[PDB]
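Novice: whatever this is, show me its structure:
(9 chains, ligands or ions: 87)
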Amino acid sequence: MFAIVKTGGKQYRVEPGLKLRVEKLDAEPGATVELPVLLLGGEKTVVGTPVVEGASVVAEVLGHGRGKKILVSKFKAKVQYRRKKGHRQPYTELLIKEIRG
Amino acid sequence: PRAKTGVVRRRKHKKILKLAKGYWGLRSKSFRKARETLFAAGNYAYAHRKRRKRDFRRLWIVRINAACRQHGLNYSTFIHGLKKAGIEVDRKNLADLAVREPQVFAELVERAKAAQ
Amino acid sequence: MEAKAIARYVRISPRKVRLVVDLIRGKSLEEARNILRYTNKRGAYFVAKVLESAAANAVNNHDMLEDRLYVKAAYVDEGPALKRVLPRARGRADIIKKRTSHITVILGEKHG
Amino acid sequence: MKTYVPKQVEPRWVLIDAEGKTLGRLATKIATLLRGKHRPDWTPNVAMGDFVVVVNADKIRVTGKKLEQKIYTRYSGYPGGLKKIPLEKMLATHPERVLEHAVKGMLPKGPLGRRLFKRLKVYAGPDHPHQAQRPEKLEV
Amino acid sequence: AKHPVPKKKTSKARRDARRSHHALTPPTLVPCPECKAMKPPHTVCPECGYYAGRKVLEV
Amino acid sequence: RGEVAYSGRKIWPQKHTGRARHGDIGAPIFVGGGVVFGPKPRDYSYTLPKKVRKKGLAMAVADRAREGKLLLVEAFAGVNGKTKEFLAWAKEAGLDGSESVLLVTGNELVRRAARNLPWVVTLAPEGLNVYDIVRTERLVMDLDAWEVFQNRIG
RNA sequence: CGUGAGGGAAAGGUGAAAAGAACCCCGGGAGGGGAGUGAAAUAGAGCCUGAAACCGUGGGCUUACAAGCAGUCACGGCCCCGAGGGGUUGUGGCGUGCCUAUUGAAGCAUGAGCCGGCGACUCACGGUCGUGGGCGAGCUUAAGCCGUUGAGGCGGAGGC
RNA sequence: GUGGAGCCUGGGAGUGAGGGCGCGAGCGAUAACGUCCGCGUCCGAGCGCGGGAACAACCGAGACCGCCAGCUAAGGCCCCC
RNA sequence: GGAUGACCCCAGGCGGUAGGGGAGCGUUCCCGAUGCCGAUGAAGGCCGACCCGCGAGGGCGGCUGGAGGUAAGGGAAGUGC
Ligand SMILES: [Mg+2]
Ligand SMILES: [Mg+2]
Ligand SMILES: [Mg+2]
Ligand SMILES: [Mg+2]
Ligand SMILES: [Mg+2]
Ligand SMILES: [Mg+2]
Ligand SMILES: [Mg+2]
Ligand SMILES: [Mg+2]
Ligand SMILES: [Mg+2]
Ligand SMILES: [Mg+2]
Ligand SMILES: [Mg+2]
Ligand SMILES: [Mg+2]
Ligand SMILES: [Mg+2]
Ligand SMILES: [Mg+2]
Ligand SMILES: [Mg+2]
Ligand SMILES: [Mg+2]
Ligand SMILES: [Mg+2]
Ligand SMILES: [Mg+2]
Ligand SMILES: [Mg+2]
Ligand SMILES: [Mg+2]
Ligand SMILES: [Mg+2]
Ligand SMILES: [Mg+2]
Ligand SMILES: [Mg+2]
Ligand SMILES: [Mg+2]
Ligand SMILES: [Mg+2]
Ligand SMILES: [Mg+2]
Ligand SMILES: [Mg+2]
Ligand SMILES: [Mg+2]
Ligand SMILES: [Mg+2]
Ligand SMILES: [Mg+2]
Ligand SMILES: [Mg+2]
Ligand SMILES: [Mg+2]
Ligand SMILES: [Mg+2]
Ligand SMILES: [Mg+2]
Ligand SMILES: [Mg+2]
Ligand SMILES: [Mg+2]
Ligand SMILES: [Mg+2]
Ligand SMILES: [Mg+2]
Ligand SMILES: [Mg+2]
Ligand SMILES: [Mg+2]
Ligand SMILES: [Mg+2]
Ligand SMILES: [Mg+2]
Ligand SMILES: [Mg+2]
Ligand SMILES: [Mg+2]
Ligand SMILES: [Mg+2]
Ligand SMILES: [Mg+2]
Ligand SMILES: [Mg+2]
Ligand SMILES: [Mg+2]
Ligand SMILES: [Mg+2]
Ligand SMILES: [Mg+2]
Ligand SMILES: [Mg+2]
Ligand SMILES: [Mg+2]
Ligand SMILES: [Mg+2]
Ligand SMILES: [Mg+2]
Ligand SMILES: [Mg+2]
Ligand SMILES: [Mg+2]
Ligand SMILES: [Mg+2]
Ligand SMILES: [Mg+2]
Ligand SMILES: [Mg+2]
Ligand SMILES: [Mg+2]
Ligand SMILES: [Mg+2]
Ligand SMILES: [Mg+2]
Ligand SMILES: [Mg+2]
Ligand SMILES: [Mg+2]
Ligand SMILES: [Mg+2]
Ligand SMILES: [Mg+2]
Ligand SMILES: [Mg+2]
Ligand SMILES: [Mg+2]
Ligand SMILES: [Mg+2]
Ligand SMILES: [Mg+2]
Ligand SMILES: [Mg+2]
Ligand SMILES: [Mg+2]
Ligand SMILES: [Mg+2]
Ligand SMILES: [Mg+2]
Ligand SMILES: [Mg+2]
Ligand SMILES: [Mg+2]
Ligand SMILES: [Mg+2]
Ligand SMILES: [Mg+2]
Ligand SMILES: [Mg+2]
Ligand SMILES: [Mg+2]
Ligand SMILES: [Mg+2]
Ligand SMILES: [Mg+2]
Ligand SMILES: [Mg+2]
Ligand SMILES: [Mg+2]
Ligand SMILES: [Mg+2]
Ligand SMILES: [Mg+2]
Ligand SMILES: [Zn+2]
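Specialist: Numbering: from 1, shown residues only, chains lettered A, B, ... in the order given. Ligands and ions are numbered 1, 2, ... in the order given. Find the structure here:
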C-alpha cells in the first residue's frame, strides 16, 4: 500500500515506515495524527473525489524543526537598495505508521 | 578618544569573501568583485526560488502529457476530466504515478474520460 | 627520509629559475646532475648547487644512500625585490625590480 | 518526496517512412521523438529520446511553390559569401539535408541540442544500413 | 603612431595559458663510449676528451 | 589642516598632470595631513540646579537609609590616626569589610586611619557627594557630619 | 629636491636572559643541513604577532564541438566526512557588472589594476522646536571667593 | 463613505532638468525619440515579475519570507517552448 | 483575551529614489573595577558544514598566538569605506 495525502497545502505520497518533513503541524511531539487521503494504491486502488471516506494515514510526529537557513537578499542597482533577510522555514518530521483506508 | 578601523573592516571583508568561495578569478579573492558577484547571486537565488516552482510544474506536465497520449488523450483533455471528475491529485504526484504506478494512472485516465 | 636544501636571496628572477627547476623535479639525482650540467641557463648553476647541497645533507646528516636519491620536490619562492632606478627619456624615471629567489630542493630515497 | 529521475535509459530505435509526408509536419514529430517528450520519464537535461532512422527523405513533399521559392542560405564569412540554394536544387544534390535542416532548427540550441541531432540519421532511398539495431517501424 | 596600450589586465589564467609553450626541453645527452659519462652527441667529450674513438683535447 | 606643520604650496598643477588634483599636503585626505573634526580642548562642566544636587544628596542618603545600611556613630573610640585602630573599631561597629563604606567625619585622625583600606572611601562632610554615596554599599557618618548634612539640604 | 628663499621624507618591537648558534657537512661566498642553546628557533638577528592582494609546490574534482557580467536553480557523476552533509561541475533552465550622473546606462557616458591601512556632517556660542527631569509666579546664577586634590559649597551682580 | 481618509498647530525635509503613452489644442510641414500647454496615465522611484523575439514607460499586474501544492491575467497552445 | 509588553488569538497592511521617522549591531574610551576572565593561554590571526539573532552581529569548538582582556548596567566620541 501507498497513499497520496495532503497536508501543509501540498500533496505527498506516503508509506508505512517513511519519514518526511511537512509544514509545521500544530501537534505535540510523540502524538499521532490522521492525514486526509486523496488516493490509495498498491494491492487495492481507490480514487479520492477529492478525498476518500474512511481513509486516513496515521503518522506519529517525531518533532518540529527549523530548516537550514536560506539567505534571501534583494539588490537594486544604481539605487542603493540592499536588503539581507535570513529564513528558517519551520517543519514537522513524521513517521507514517499505518494506512487505514 | 580615537577609534581607528582596526579589526572591523577586515572581519566584514572576511565575511563576504567566505560567501564567495568557488567564484572565478578575483570574484572569489577580491572583496569588491565578490560583492558585485554576491549581489547578482542574491537576486538570482530569489528569482530562481520563484522560478523553481515554475520549472518542476512544467516538467510534471510534459511527463503527464506523455503518459496520457499512450492512452489516447492529450494533457488538456485529461486535466478537464479530473476537474469534472473532482480529483485534486496534483501534478507532482500525477507525474510520479505516471512512471512508477501506471495502472493507477491508467485508472485515473478512465475517470477522466468517463467524467465527459 | 627526506633531505632539504634552500638557497635564500639568490639574486635571480624566480620566473627564470623555475624554468630550470621543472627539468629536475621527480628525476633521479644522477639524471638531474646530468640534466643540470648541459642546460644552457644561468639558473642551472644555482639549481645544481642547492641540489648538491641537499644531496650532501642526505648522505652526511640523514643517513640516506647517494645511489638511492631522487628529487622528491623542488620549488622556487620569490624573495624581496631590489628596486633600482632606470632613467627613461623625457625626464621620467622608472623603477626596475631586480628580483631574488629562494630555491628549495627536497630529496628522498627511491628504493629499487 | 522528490521527483523521480530515471536511471539511464536504454534508448529505442525508430524507423519512419518519409515518403509523401509533409516536410515540416514530419520534422516537428521527429524532433519530439529525438527530444524524448513521448516518454513518461522525460528529463530535460539528459539525452533520452529515440534514434529516428528516416528513409525516402528524397521523396519528402512540400506544399505551395516552395520548390522554387524556398531558399536555403549559407554564409561563408567572406565578402559576397551569401550563397542561395532553392529547395529544388538541394533535393537534386543533397536531398538528406532538407529534412536535417528542418529537423535541426526545431531542436534546442546548445550541447544537448546538438547531441540529439546526431541521433537523427537521414537517408535517401528506401534502404538504411542500421538493420543491426532493428528499428521499430513507426507510422507517423 | 598613437601609443597602443593594453585594454584590460590579462588574467592569471590567460598569461599562464600563454606560457603553456614555455617549458624547457631537457638537454639531449648520450653516453660517451670511452668513459660512459653523459655528453651531448656530436661533441668532443668534456670528461675524458675522446671523440670518434681517439684522444682530441686535454681535459 | 591649518595647524599642521606642512606648507601651503600646491604640490603639482591643477590640470594636465595626469594625476588627481590636490593643494597642500596638509589636507586631511593625505596621510600625515590634518584631521577634520577631531577633538579640541573642551570644558565639559555645566551648572546643575542646586535644588537637583540638593535633592540628589538627600535622596542618595535616603536609599541607604531605607535598606538599613546607614549608621550614624557617636564617635570613634580607640582610633587615634592609626589604621589597625580603625580596623578593630570597624569590627565592633559591625563593619567586617565585606561592604564598601563611605566614611564621613570631620576628624582627621579617624579619616587618616581608614584612608588606605580598599573597601573604605573617606570624606569630609562638606565633600558629601552622591557618587561616592552610590559607590558605597554602606554609609557611616559622624554626628558632626550628620548635623551639617541637614544644614546643606535646608 | 631647489641658484636661493624654501620645501621636506622614510625608518620603532629576537628573548626572561645573547644563552646571538663552538664544531661537523655542501658552497667561492650567500645560503642551507646537522650538532647546540631556549618554555618556544615558521623567536635566528631580512628576528613579537604575521592579515590581504601577490607568487609557488602538492593533492581532490574538472576542462580540447565550445558562445560567457561568469552567477544562480535543478539533476547527475566523482572525491571527502559519516535517508545527512561538504568540495567539484557535465547537462538543462534563467540571467544586461558596481558606483556615479541622468528623462532614461550592460551601456560605446563618469570613476575604479588589485589588496591593506588613512579618508568626509563636528565643536563653540547663540537660536528655535521637541523631549527627560528640578522648581513654579517664580526660575536661575556669572565672574569670582572657599574647600577637595577626580568633594563639593558659596556667590543674586545679572538674566528670563 | 473609518480611509496610511480629512482637519488644526508645530518640527524635519527633499523637489523646484522630467520622460514616454491616450485624448484635447497651439507652434511645426494634418514632419521629428520635435517643441509648448490642458486632462489622465505609467517610468521616474516598479531597469522586481508575465506578455510583447529581444526593449524605462504598449498589454497583464503593485514582489514581506518559505513550499518539487492549486486557480487565473495579458498572451498563448506544430517544433524551438 | 491577561490587564498597562507577560504570552495567546483574530483580521488587515508591509515595491519603493530624493527624503522624514523608529528600533538595533559594532568600534575607541570612562564609570562599574583595590572587582572579574587570564600561562589549565589575553587580545589579535586562521578555520568551521556547529548554536543564537530578520539583519548588522554574537557565540561555541579546533589551530595559531604568547599578556593582556573586561561583564549586567550606564556615560562619551577622532565610530563602521
Ligand atoms: Mg478521519
Ligand atoms: Mg542591472
Ligand atoms: Mg535610477
Ligand atoms: Mg546604488
Ligand atoms: Mg576609519
Ligand atoms: Mg586567498
Ligand atoms: Mg485540477
Ligand atoms: Mg611593474
Ligand atoms: Mg531557450
Ligand atoms: Mg613618427
Ligand atoms: Mg608606442
Ligand atoms: Mg596558476
Ligand atoms: Mg594569454
Ligand atoms: Mg598652510
Ligand atoms: Mg599661496
Ligand atoms: Mg585636468
Ligand atoms: Mg591615467
Ligand atoms: Mg590638498
Ligand atoms: Mg608627497
Ligand atoms: Mg600628522
Ligand atoms: Mg583612599
Ligand atoms: Mg570599590
Ligand atoms: Mg578624605
Ligand atoms: Mg642638488
Ligand atoms: Mg643644493
Ligand atoms: Mg625583548
Ligand atoms: Mg653558513
Ligand atoms: Mg632542548
Ligand atoms: Mg632551524
Ligand atoms: Mg614566536
Ligand atoms: Mg622578533
Ligand atoms: Mg612578548
Ligand atoms: Mg604567511
Ligand atoms: Mg600569507
Ligand atoms: Mg595545482
Ligand atoms: Mg558540429
Ligand atoms: Mg568532449
Ligand atoms: Mg564552454
Ligand atoms: Mg530539472
Ligand atoms: Mg554531493
Ligand atoms: Mg542561455
Ligand atoms: Mg555627468
Ligand atoms: Mg548627462
Ligand atoms: Mg542627456
Ligand atoms: Mg564596456
Ligand atoms: Mg566620454
Ligand atoms: Mg563604464
Ligand atoms: Mg560628465
Ligand atoms: Mg596606478
Ligand atoms: Mg581600501
Ligand atoms: Mg549636524
Ligand atoms: Mg537645541
Ligand atoms: Mg530644553
Ligand atoms: Mg520643567
Ligand atoms: Mg537659588
Ligand atoms: Mg587621593
Ligand atoms: Mg496621506
Ligand atoms: Mg500641516
Ligand atoms: Mg508640516
Ligand atoms: Mg528653477
Ligand atoms: Mg511638462
Ligand atoms: Mg506629466
Ligand atoms: Mg484611441
Ligand atoms: Mg519630447
Ligand atoms: Mg510627437
Ligand atoms: Mg530621477
Ligand atoms: Mg516595467
Ligand atoms: Mg535593460
Ligand atoms: Mg519580454
Ligand atoms: Mg504589496
Ligand atoms: Mg501581499
Ligand atoms: Mg489552469
Ligand atoms: Mg509543447
Ligand atoms: Mg499568528
Ligand atoms: Mg500578516
Ligand atoms: Mg519598501
Ligand atoms: Mg508605499
Ligand atoms: Mg584565574
Ligand atoms: Mg583593545
Ligand atoms: Mg561568527
Ligand atoms: Mg584566540
Ligand atoms: Mg605587564
Ligand atoms: Mg574585547
Ligand atoms: Mg567598559
Ligand atoms: Mg555595556
Ligand atoms: Mg572620520
Ligand atoms: Zn668520455
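
Novice: please enumerate the strands of the chain.
Specialist: Picking chain A for this. A:2-7, A:10-14, A:19-22, A:32-41, A:45-47, A:56-66, A:70-76, A:81-87, A:90-99 (DSSP state E).

Novice: my bad, chain F
Specialist: F:70-73, F:101-104, F:120-123, F:138-142.

Novice: also chain E?
Specialist: Using DSSP E, the strands of chain E run over residues E:30-31, E:38-39, E:50-51, E:54-55.

Novice: hey, which of the ones you listed is tucked in deepest?
Specialist: Sort those by mean neighbour count, taking mean count of other CB atoms under 10 Å in any protein chain shown, and strand E:38-39 sits at the top with a mean of 20. For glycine as for every other residue, the C-beta is placed from the backbone atoms N, C-alpha and C.

Novice: report the distance from it to the chain centre.
Specialist: Relative to its parent chain, strand E:38-39 has a centroid offset of 14 Å by CA atoms, centre = their mean, to the nearest Å.

Novice: what's that strand packed up against?
Specialist: For strand E:38-39, the packing partners by 3 or more CB pairs under 8 Å, 6 or more residues apart in numbering or on different chains; DSSP states H and E come out as helix C:29-38, strand E:30-31.

Novice: ok, it near ligand 87 or not?
Specialist: No - legend: contact between strand E:38-39 and ligand 87 by CB under 5 Å from the ion is lacking; minimum distance shown is 6.2 Å.

Novice: and the contacts of that strand?
Specialist: Outside strand E:38-39, the residues within contact range by CB atoms under 8 Å, 6 or more residues apart in numbering or on different chains are C:34, C:37, C:38, E:29, E:30, E:31, E:32, E:45, E:46, E:47.

Novice: ok, the residue nearest in space to the middle of chain B to chain E distance?
Specialist: What sits nearest the mean C-alpha location of chain B, by CA atoms, centre = their mean, is residue B:52, with 2.0 Å. Going from residue B:52 to chain E by CB to the nearest CB, to the nearest Å gives 32 Å.

Novice: one step back: can I get the strands of chain E in TSV with distance to ligand 1?
Specialist: Converted to TSV, the strands of chain E look like this (distance: least, CB to the ion, whole Å):
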stretch	distance to ligand 1
strand E:30-31	93
strand E:38-39	91
strand E:50-51	104
strand E:54-55	110
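
Novice: those strands: which one's closest to ligand 4?
Specialist: Comparing the strands of chain E against ligand 4 with CB to the ion, the closest turns out to be strand E:38-39 (67.3 Å).

Novice: buried residues, the lengthiest strand in chain C. List them.
Specialist: Longest among the strand segments of chain C by residue count, using DSSP E, is strand C:69-87. Applying a neighbour-count criterion of 16 or more other CB atoms under 10 Å in any protein chain shown, one finds C:69, C:70, C:71, C:72, C:74, C:76, C:79 buried in strand C:69-87.

Novice: that one and chain E in contact?
Specialist: No - against chain E, strand C:69-87 shows no contacts by CB under 8 Å from any CB of the partner chain, the least distance being 13.0 Å.

Novice: can I get that strand in CSV? Just the C-alpha atoms.
Specialist: Taking C-alpha atoms only, strand C:69-87 is exported to CSV below (Å, rounded to 0.1, in the frame of the first residue of the first chain):
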residue,chain,number,x,y,z
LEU,C,69,68.5,9.7,-4.2
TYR,C,70,65.9,11.4,-6.4
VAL,C,71,64.3,14.9,-6.4
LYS,C,72,61.2,14.4,-4.4
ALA,C,73,60.3,18.1,-4.5
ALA,C,74,61.7,21.4,-5.8
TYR,C,75,60.1,24.9,-5.9
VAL,C,76,61.2,28.5,-6.4
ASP,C,77,59.7,31.0,-4.0
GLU,C,78,60.3,34.7,-4.7
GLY,C,79,62.2,36.8,-2.2
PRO,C,80,62.5,40.6,-1.7
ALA,C,81,62.8,42.8,-4.8
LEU,C,82,65.9,45.0,-5.4
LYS,C,83,64.1,48.1,-6.7
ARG,C,84,66.5,50.1,-8.9
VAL,C,85,66.0,53.2,-11.0
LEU,C,86,66.1,53.2,-14.8
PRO,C,87,66.4,56.7,-16.3
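
Novice: do that strand and RNA strand G come into contact?
Specialist: Yes - under the criterion of CB under 7 Å from any atom of the strand, strand C:69-87 makes contact with RNA strand G via C:73, C:75, C:76, C:77, C:78, C:80.

Novice: check contacts around residue 83.
Specialist: Picking chain A for this. Counted by CB under 8 Å, 6+ apart, residue A:83 has contacts A:73, A:74, A:75.

Novice: should've been chain D
Specialist: D:73, D:74, D:75, D:76.

Novice: close to RNA strand H: what parts of chain F are there?
Specialist: Within reach of RNA strand H by CB under 7 Å from any atom of the strand, chain F has no residues at all.

Novice: grab the most central residue of chain F for me.
Specialist: residue F:131 (7.2 Å).

Novice: list the contacts of that residue.
Specialist: Residue F:131 neighbours (CB under 8 Å, 6+ apart): none.

Novice: pull out the buried members of the contacts of strand E:38-39.
Specialist: Buried members of the contacts of strand E:38-39, counted by 16+ other CB under 10 Å: C:34, C:37, C:38, E:29, E:32, E:45.

Novice: make JSON lines out of those and add distance to residue D:98.
Specialist: Listed next are the buried ones among the contacts of strand E:38-39 as JSON lines, based on distance: CB to CB, whole Å:
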{"residue": "C:34", "distance to residue D:98": "66"}
{"residue": "C:37", "distance to residue D:98": "68"}
{"residue": "C:38", "distance to residue D:98": "65"}
{"residue": "E:29", "distance to residue D:98": "63"}
{"residue": "E:32", "distance to residue D:98": "71"}
{"residue": "E:45", "distance to residue D:98": "73"}
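
Novice: do a quick rundown of the strands in chain D.
Specialist: Assigned by DSSP E, the strands in chain D fall at D:13-17, D:51-55, D:71-75, D:82-86, D:121-122, D:136-138.

Novice: who wins for proximity to ligand 4 among these?
Specialist: Closest among those, using CB to the ion: strand D:71-75, at 43.2 Å.

Novice: buried residues in the closest one?
Specialist: Neighbour counts over strand D:71-75 (16+ other CB under 10 Å) mark residue D:72 as buried.

Novice: centre of the chain versus that strand, how much separation?
Specialist: Chain-centre distance of strand D:71-75: 18 Å, with CA atoms, centre = their mean.

Novice: what of stretch D:27-41?
Specialist: 11 Å.

Novice: can you give me the end-to-end distance of it?
Specialist: End-to-end span of stretch D:27-41 (CA to CA, to the nearest Å): 23 Å.

Novice: pick out the residue of chain C closest to RNA strand I.
Specialist: Nearest residue of chain C to RNA strand I, counting by CB to the nearest atom of the strand: residue C:77, 19.4 Å away.

Novice: mind listing the helices for chain E?
Specialist: Ranges of helices in chain E, per DSSP state H, are E:12-18.
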